[PDB]
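Only one structure is covered here, and it is reproduced in the block below.
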Amino acid sequence: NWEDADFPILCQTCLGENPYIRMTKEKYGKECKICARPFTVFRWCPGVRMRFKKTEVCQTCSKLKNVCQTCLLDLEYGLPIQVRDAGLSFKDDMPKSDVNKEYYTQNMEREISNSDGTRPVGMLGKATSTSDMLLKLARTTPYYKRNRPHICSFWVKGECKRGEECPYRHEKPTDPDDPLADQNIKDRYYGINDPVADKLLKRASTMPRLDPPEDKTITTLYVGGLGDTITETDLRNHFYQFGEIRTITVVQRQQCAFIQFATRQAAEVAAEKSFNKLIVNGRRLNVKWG
Amino acid sequence: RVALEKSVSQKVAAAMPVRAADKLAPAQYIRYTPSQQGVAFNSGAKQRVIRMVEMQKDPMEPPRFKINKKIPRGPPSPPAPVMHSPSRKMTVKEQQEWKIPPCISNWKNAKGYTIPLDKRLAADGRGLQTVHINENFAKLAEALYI
Amino acid sequence: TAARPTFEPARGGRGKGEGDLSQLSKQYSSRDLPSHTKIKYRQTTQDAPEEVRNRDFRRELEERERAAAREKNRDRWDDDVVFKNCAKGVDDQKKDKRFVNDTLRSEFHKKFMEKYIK
Amino acid sequence: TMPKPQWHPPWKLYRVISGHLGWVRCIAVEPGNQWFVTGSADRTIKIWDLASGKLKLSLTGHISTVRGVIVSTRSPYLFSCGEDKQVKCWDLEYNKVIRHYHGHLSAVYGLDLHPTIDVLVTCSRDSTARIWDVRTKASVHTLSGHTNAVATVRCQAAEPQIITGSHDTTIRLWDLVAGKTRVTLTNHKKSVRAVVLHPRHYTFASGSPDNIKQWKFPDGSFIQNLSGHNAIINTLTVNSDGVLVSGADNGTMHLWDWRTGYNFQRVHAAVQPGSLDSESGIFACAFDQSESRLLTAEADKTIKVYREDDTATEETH
Amino acid sequence: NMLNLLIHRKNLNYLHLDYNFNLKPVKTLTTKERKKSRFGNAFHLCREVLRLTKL
Amino acid sequence: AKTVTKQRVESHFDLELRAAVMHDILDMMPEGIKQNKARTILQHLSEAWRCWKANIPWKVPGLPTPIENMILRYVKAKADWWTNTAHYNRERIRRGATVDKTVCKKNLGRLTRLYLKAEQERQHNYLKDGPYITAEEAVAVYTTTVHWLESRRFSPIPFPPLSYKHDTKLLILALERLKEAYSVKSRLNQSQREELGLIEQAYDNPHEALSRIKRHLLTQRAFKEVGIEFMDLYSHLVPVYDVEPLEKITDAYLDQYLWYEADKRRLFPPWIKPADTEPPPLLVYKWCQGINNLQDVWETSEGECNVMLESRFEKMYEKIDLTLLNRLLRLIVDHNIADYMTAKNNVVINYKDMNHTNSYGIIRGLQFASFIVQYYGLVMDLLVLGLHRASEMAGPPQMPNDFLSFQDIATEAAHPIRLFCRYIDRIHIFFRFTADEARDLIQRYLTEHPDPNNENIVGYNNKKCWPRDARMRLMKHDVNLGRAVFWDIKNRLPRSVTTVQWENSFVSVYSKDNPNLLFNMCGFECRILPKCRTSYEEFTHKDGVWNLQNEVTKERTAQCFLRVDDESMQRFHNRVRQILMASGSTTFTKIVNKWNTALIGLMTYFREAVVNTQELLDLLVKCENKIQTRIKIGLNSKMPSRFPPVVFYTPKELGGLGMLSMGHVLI
Amino acid sequence: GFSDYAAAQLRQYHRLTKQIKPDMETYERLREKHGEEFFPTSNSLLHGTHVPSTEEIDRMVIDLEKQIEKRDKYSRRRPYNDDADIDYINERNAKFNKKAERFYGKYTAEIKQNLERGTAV
RNA sequence: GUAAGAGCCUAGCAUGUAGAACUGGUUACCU
Ligand SMILES: [Zn+2]
Ligand SMILES: [Zn+2]
Ligand SMILES: [Zn+2]
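Chains as they are written, first to last, in the UniProt record's numbering: chain G, 14 to 303; chain V, 148 to 293; chain A, 3 to 78, 188 to 229; chain P, 184 to 500; chain E, 502 to 556; chain Y, 669 to 1335; chain F, 123 to 243.
Now the structure itself:
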């Protein structure tokens, strides 16, 4: 079936740095790069030296996977789909073979058009449970180097007869002997062998993380960067969440606080919650083992 | 009736696709709230206004995409509970009295079987037809001989 | 095999007007042209619903029944020859009044088989 | 004895009209009691004078068996459907077909006119109903969701605007605007081949060989269950005096109270002379607009006309 | 140009529309090529109308 | 959604009937039945319809009675459909409307099947309801025939003798008549081949064949099955019977021998009309001048009427009792020959699925059925006329007289019946009534059939071909006399033997009010108008007319005006319709040769009657243009004219089609 | 006889349910553990909680395999003598002739006698 | 003895895409 819905579903690094946008709407302009059914193509210009970006996928194929219709990144975080499904589960299993894909698309289109039109129909309940490593490498400010005109292929042959007037960039393309160069549309969309997402996962795996209690039943927590401006009365008020708290040794000379819990499970849970995240009184509290 | 007439017009628009070929410039405005705020995004703003013009259609341009592609019927909506009665008990006698015998035809033998002759000629109606003579042939024959 | 019955028919809902008008096809037949593009309505003498609302139908029906029954009532030498008058009282024997629900024994079929087989 | 029913007078035959050369599969009465239509298996629609029982007109044009015939109350029209797959519109001003409604895949079994919008709703063997605009001859919607053939359809102006029983034993109450199902009533064990709407009380009944069931309209609430008439019933019709009529394929026809559901009369009528004892059967019945005649369309290729007995009470249970 | 773009979109390289709108096969056709390249009254009406106008 | 147009109609009917039965058996089964078994019941429905078309009684020994009743119901529905479609298509093929050739063959195949259903019904009802003949009446018929044969000193036909000197001539004549059948064609199956092989053996060794024929005539009384099919003449259907070759050779010799010994013995009096020395137009001419040569036939001064009656013996073939036929043939021939001829009519008739036994009527397709028909017709001529008037017409046996002649003037005017011919099963009687006889006979009719409302003038058919001055006028005396004469001739025949029907007959009265009597004979109708009656302009220029002279005075008294009957015109039109069918209809010389044969058949039969009929000339022009348009469409040629007519009308030796014209065409 | 797919179910159920023997130790253990909620109504709470130990599911699977085997023995194969004069040219033809002898064998018994005695009487 | 599977062989008609994620760490008491 056709798609035909007003006003596309876009992020903020593609919708532009100007709050005043003029876009055009073509009713059944292109076919979807995934669904292969025709949809409503919106064409806008973000800024001044930009590229006139347009939506690449259906409203439906963005409702399935909670993405922007042109950068194909998560609307909330701004990350590839393989990274977000790595920091979640993968239970969608959208078919890739032909007849199965059109059949699944038909049935999910009936599912979405038999509902409200507001939620990521399958990704919602798993989208509740979040804030994994993806939040610690989520991009803070927009990468406006995406919205940028392609390399002038006449300037690559040293024959750009437009010169100063050509709206395409006169700068180096990337060396093709690079994993970060191939990048199919469907590889970026299904979450399969995406090299950008591979590098983000390789960075987020070597992100500093918890170590286990090397010796048995030790719940002792070694707090460095405690600080002499905070109080121990607030420490218990943050720490009675976990369970039966045992003794808390405080040494304000080395800024180290020693913590004992009932079970080692509670110390591991505290390690999960506390490490490289917890900032109380606007001051970072570092916790270690040993 | 107001809901039906709109769908009627959208169906009937095919019957004359180009008679006074169409016109499109209601250039409109829409106010949009990015739900992404945390500002480095608009430039520091909370909303953005977008002017939508509809792209002007070429009169002389054929349909763009293949529409004849054909896919099997999807699943029906989830089954309703069946709400029947307890169910009348069935007897061996009535279960056997509703049995249907196989048709042995005088004409068709689709899978080319070989049927025993008594089975093949079990046309009882031409065996119970009982050609029965009248008793007024006797008066005729006797009167003619006399 | 090739020669086979149906035992299941085709289900409507998957073509040309069925779900999205076959995704809005630009194909249309000659029979799908504009024709009879104005509904006629019943006029005041025809049987307009205002005229049919106040009426008492049973009295008029009884009057028409009475008139029809009244119409049906008011409507209604060689003496030495070896055979005498065989047709004495045969006043044509009203077979052409009977209607018989059997296509081999209708009077129409008897006239048909008499007429078209020599 | 939980209720006491209203007393209804017995009905009796007084006229047997003959002249179709096929099973008479449908019947409908004109809004002004001047005539009635029948449609039959001999591919003719016959206009009969209602008072005198005389053949007024014979219209031809269907290629196969005429299954449903309805007369428009707003427009001077006559709608018919057949096993032809065809849905026709007859201009009675001219006695000629002016419009055909094309799109059903197999035999069209029924039709009903919407009482206020100029919308025609048909059923077919292709497990769908369709919703046609009369003026533009276009399918507005395709009511799909039954799994076997669809037997009957009724229309309203109030809520659920379209109601249909089918041969997959279910009943679907639909939305005319959206085109999707609102209520599925699975209570019947065999094929629902008749539904009938009440003129005042905002209920409907439906019939199948197991038993007949009454129902409140908004969400199909169960109200009652009327049993005793156990044959494949083809039609149900209601008198404004609360007389339900249930006729069946064995030729039997039982006359019921609507409110309490009391069987007060069983009429097992005799066949035509040439006819066969296995050929007794009713396919259609209608009340006239005076609601004092009962027109039945029989399987022995006849029309039977009944009226109330003027010999008062001989009755009461 | 319209008529032979219709010819070349249907991959009927064995037909030739000359400059006076006569449609002739370049070679001798198989049965499958002959059934593929049968046109209807629309194509031939437009072709003969264009023949009259070119005259 | 494909439409059910014309080639999908029967398939869609069978597609929908089967679905209706599917729905009914899903709703008919009770609550706990295994919900299989739909396919088996549908097979039983197919079998019940094939037994319906086969006229086989269909009964499955165990089968639940709701299933059996439902299958009988839907089979009756399909039977009504099949039969009403056959009625509609037959009325189309009769009226000339546009029909496919396939629906012509389909309609023939339905009609022969419906005929055999009715015929099995009729044979069963004969064996059930006794004879119709009512033994008193059969003794009356037999005794009348005995008194007639002893009155004429008839010498009964012996068995064909062992040293019959003429029998090889009869064998050569029989074999020539059998080999004239397979002369036109060249595509022959096994049975035709066997037939020609037996013919060649009978030529090559005649005495072995004669010994075999006489041995079959002595011994054989049980015979093989005969096939039946119909010839489609587009106005009616004709039964055609297929007999085994050996039996056919025996019947052919029996036919030749019986007609030879009947002519020597003068069995058939000269009113048995398809005679060897009289073509049918010569028969009409002889009948006209026989009316002219009656004494004072045209005088109406003292009140006299001339009545002409034309009718048939309606079901004469269909109602011959075979036991009574055995009795009458044992009166005529040897008892062995009579038993052979009787037992030969009792055969089994086959068409594809259908078999029954001819227990009552006679097979028209026998070689010697001609003799049975003319002799049973002689018996009923004796019934109509009576033995006295028939003995006056035939004359004495020592000096018998020819066709329309008496011995004396006094024996002409003895009775009202003056002339009488029977052409095979059609009757033609001429009546001369004096006023007293007419009054008495109308008194008897109005006694037996009173008419207070003067309704006798309503149902009286008059001929509409002739113009308004030319037809029979409708006067009360003449109308009642015509109906009374018909009544009196009708009473003379038992309805169990044959009957005479008013709707097929035409009566014509000539009186002081009627200046014309119309009659209809072999296929052209004619009216005779005398000069003493209202002519007023004694003319002789036209060629359609006949100036027929009185014999005695050698002067021309009356005129005879001829036209072609509408049935013969319609038969020619149907013949041309048959030519335009028949899929060898592209050959361009086959078409023209069939047209030329049909055209000279028409013309050389109806020679001078053709130009006096304008409707037949217009039909000839239209049919000629039809076959020319068929040739032109064979060249496709276009709608536009100036197709050169030299290609049609050139003689076939210069390369032309050889086409004969009967229309006003100019080059 | 058969009469119903539910009566055969009920017969099969009565067989299986007479065959089973409970162990009271696990029963009274679960009774003392669960207490008040061991006699539940329709709406109790415990629908989504029970986790069967390996021996329980092993007992279930063994019982179900026995049930499948007893069901697989439902049509016992009648032995194939080859002394009967065969009447079929195929393997499906034989079974169709067997069904035909089931249904029409009671009626076509005189004609069989005629065919064996020499098409007589 | 067909101009179609199959099945091979060589071919050429549509695209002008989306995308490029890259930085932080201290040690200490009584027997
Ligand atoms: Zn998409
Ligand atoms: Zn984006
Ligand atoms: Zn450049």
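Think of the CB as a built atom: it goes at the ideal place given N, C-alpha and C, for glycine as much as any other residue.
Residue 160 of chain V classed as buried or exposed, judged by whether at least 16 other C-beta atoms fall within 10 angstroms: Numbered from its first residue, the second sequence carries residue 160 of chain V at position 13. Residue 160 of chain V is exposed by the Cβ-count criterion.
The beta strand (DSSP E) enclosing residue 1228 of chain Y, as first and last residue numbers: Numbered from 1 along the sixth sequence, position 560 holds the residue referred to as residue 1228 of chain Y. Its beta strand (DSSP E) spans residues 1223 to 1232.
Per DSSP, the bridge partner or partners of residue 428 of chain P: Within the fourth sequence, the letter at position 245 stands for residue 428 of chain P. Answer is P/420 and P/438, bridged to residue 428 of chain P.
Where residue 142 of chain F falls, given that 16 or more other Cβ within 10 Å makes a residue buried: Reading the seventh sequence from its first residue, position 20 is the one you call residue 142 of chain F. With fewer than 16 Cβ atoms within 10 Å of its Cβ, residue 142 of chain F is classed as exposed.
Check: residue 45 of chain G C-beta below 8 Å from any heavy atom of ligand 2: The residue you call residue 45 of chain G lines up with position 32 of the first sequence. Residue 45 of chain G Cβ: outside cutoff for every heavy atom of ligand 2.
Any non-hydrogen atom of ligand 3 within 8 Å of residue 175 of chain G CB: In the first sequence, residue 175 of chain G corresponds to position 162, counting from 1. Indeed, a heavy atom of ligand 3 lies less than 8 Å from the Cβ.
Extent of the continuous alpha helix (DSSP H) run through residue 476 of chain P: Here residue 476 of chain P refers to the residue found at position 293 when the fourth sequence is read from its first residue. No alpha helix (DSSP H) contains residue 476 of chain P, which is instead part of the beta strand (DSSP E) from 476 to 481.
Any non-hydrogen atom of ligand 2 closer than 8 Å to residue 262 of chain G Cβ: Taking the first residue of the first sequence as 1, we reach residue 262 of chain G at position 249. Incorrect: residue 262 of chain G has no Cβ contact closer than 8 Å to ligand 2.
Close beta carbons around residue 214 of chain P, own chain, < 6 Å, minus the five adjacent residues each side: Position 31 of the fourth sequence, counted from the first residue, corresponds to residue 214 of chain P. Contacts found: 256.
Any C-beta of chain F under 9 Å from that of residue 1294 of chain Y: Within the sixth sequence, numbered from 1, the residue matching residue 1294 of chain Y stands at position 626. So no, residue 1294 of chain Y is outside the interface.
Interface residues of the stretch 195 to 207 of chain P facing chain A [CB-CB below 7 Å]: 201
Where residue 913 of chain Y falls: helix, strand or coil (DSSP): In the sixth sequence, counting from the first residue as 1, residue 913 of chain Y sits at position 245. Three-state result, residue 913 of chain Y: helix.
Within 9 Å, strictly: CB atoms of residue 126 of chain F and residue 700 of chain Y: What you label residue 126 of chain F is simply residue 4 of the seventh sequence in a count that begins at 1. What you label residue 700 of chain Y is simply residue 32 of the sixth sequence in a count that begins at 1. In this structure, residue 700 of chain Y lies closer than 9 Å to residue 126 of chain F by Cβ.
Residue 229 of chain V at chain Y interface by Cβ criterion, 9 Å: Within the second sequence, numbered from 1, the residue matching residue 229 of chain V stands at position 82. Chain Y contact via Cβ: absent.
Cut-off 7 Å between Cβ atoms - residues of its own chain near residue 1151 of chain Y, not counting five sequence neighbours on either side: Here residue 1151 of chain Y corresponds to residue number 483 of the sixth sequence, with the count starting at 1. The answer, listed in chain order, is 1113 and 1124.
Status (buried if at least 16 other CB within 10 Å, exposed otherwise) for residue 203 of chain P: Numbered from 1 along the fourth sequence, position 20 holds the residue referred to as residue 203 of chain P. Buried is the call here.
Those residues, in chain order, that have a beta-carbon closer than 5 Å to some heavy atom of ligand 2: G/24, G/27, G/81, G/83 and G/84
Residue-chain proximity (residue 158 of chain V, chain P), Cβ-Cβ < 9 Å: Sequence index remark: in the second sequence, residue 158 of chain V carries index 11 (1-based). So, interface residue.
Beta-carbon gap between residue 1299 of chain Y and residue 1267 of chain Y smaller than 9 Å: Within the sixth sequence, residue 1299 of chain Y is the residue found at index 631, counting from 1. Within the sixth sequence, residue 1267 of chain Y is the residue found at index 599, counting from 1. No, they are not a contact pair.
Proximity test, Cβ basis, 9 Å: residue 702 of chain Y and chain F: In the sixth sequence, counting from the first residue as 1, residue 702 of chain Y sits at position 34. So yes, residue 702 of chain Y belongs to the interface.
Residue 433 of chain P and residue 415 of chain P closer than 9 Å at C-beta: By 1-based counting over the fourth sequence, the position of residue 433 of chain P is 250. By 1-based counting over the fourth sequence, the position of residue 415 of chain P is 232. The answer is yes: Cβ separation under 9 Å.
Contact set for residue 899 of chain Y: own chain, Cβ-Cβ below 6 Å, skip 5 residues either direction: The sequence position of residue 899 of chain Y within the sixth sequence is 231, counting from 1. Excluding positions up to five away in sequence, the list reads 906 and 908.
Of the listed residues P/186, P/185, P/190 and P/184, nearest to residue 491 of chain P (C-alpha basis): By one-based count along the fourth sequence, residue 491 of chain P stands at place 308. Of P/186, P/185, P/190 and P/184, the residue nearest in Cα terms is P/190.
Closer than 9 Å to chain F by CB, residue 729 of chain Y: To locate residue 729 of chain Y, count along the sixth sequence from 1; it is residue 61. Yes - at least one Cβ of chain F is within 9 Å of the one on residue 729 of chain Y.
Outcome for residue 214 of chain G when other beta-carbon atoms lying within 10 angstroms are tallied against a minimum of 16: Here residue 214 of chain G is taken as the residue at index 201 of the first sequence, counted from 1. Classification of residue 214 of chain G: buried, given that the 10 Å Cβ count is 16 or more.
Chain Y contact residues for residue 226 of chain F, given Cβ-Cβ distances below 7 Å: As a position in the seventh sequence, residue 226 of chain F is number 104, starting the count at 1. Chain Y residues near residue 226 of chain F: 729.
Proximal chain P residues relative to residue 48 of chain A, where beta-carbon distance stays under 8 Å: Here residue 48 of chain A refers to the residue found at position 46 of the third sequence. Neighbours of residue 48 of chain A on chain P, chain order: 259.
Touching by the beta-carbon criterion (3+ pairs, under 8 Å), the stretch 334 to 341 of chain P and the stretch 305 to 317 of chain P: yes
Spatial distance of residue 39 of chain G from residue 247 of chain G (CA atoms): Position 26 of the first sequence holds residue 39 of chain G. Position 234 of the first sequence holds residue 247 of chain G. Answer to the nearest angstrom: the Cα atoms are 59 Å apart.
Residues of its chain near residue 525 of chain E, where Cβ-Cβ distance is below 6 Å and the 5 sequence neighbours each way are ignored: Here the question's residue 525 of chain E lines up with position 24 in the fifth sequence. Only 517 meet the Cβ criterion.
heavy atom of ligand 1 below 8 Å from residue 70 of chain G C-beta: Against the first sequence, residue 70 of chain G aligns to sequence position 57. True, at least one ligand heavy atom lies under 8 Å from that Cβ.
Three-way DSSP call (helix, strand, coil) for residue 547 of chain E in this model: For the purposes of this step, residue 547 of chain E is taken as the residue at position 46 of the fifth sequence. Helix, per DSSP.
Residue 163 of chain G CB to nearest heavy atom of ligand 4 below 8 Å: Inclusion of ligand 4 in the displayed structure is not the case, the ligand content consisting of ligand 1, ligand 2 and ligand 3 alone.
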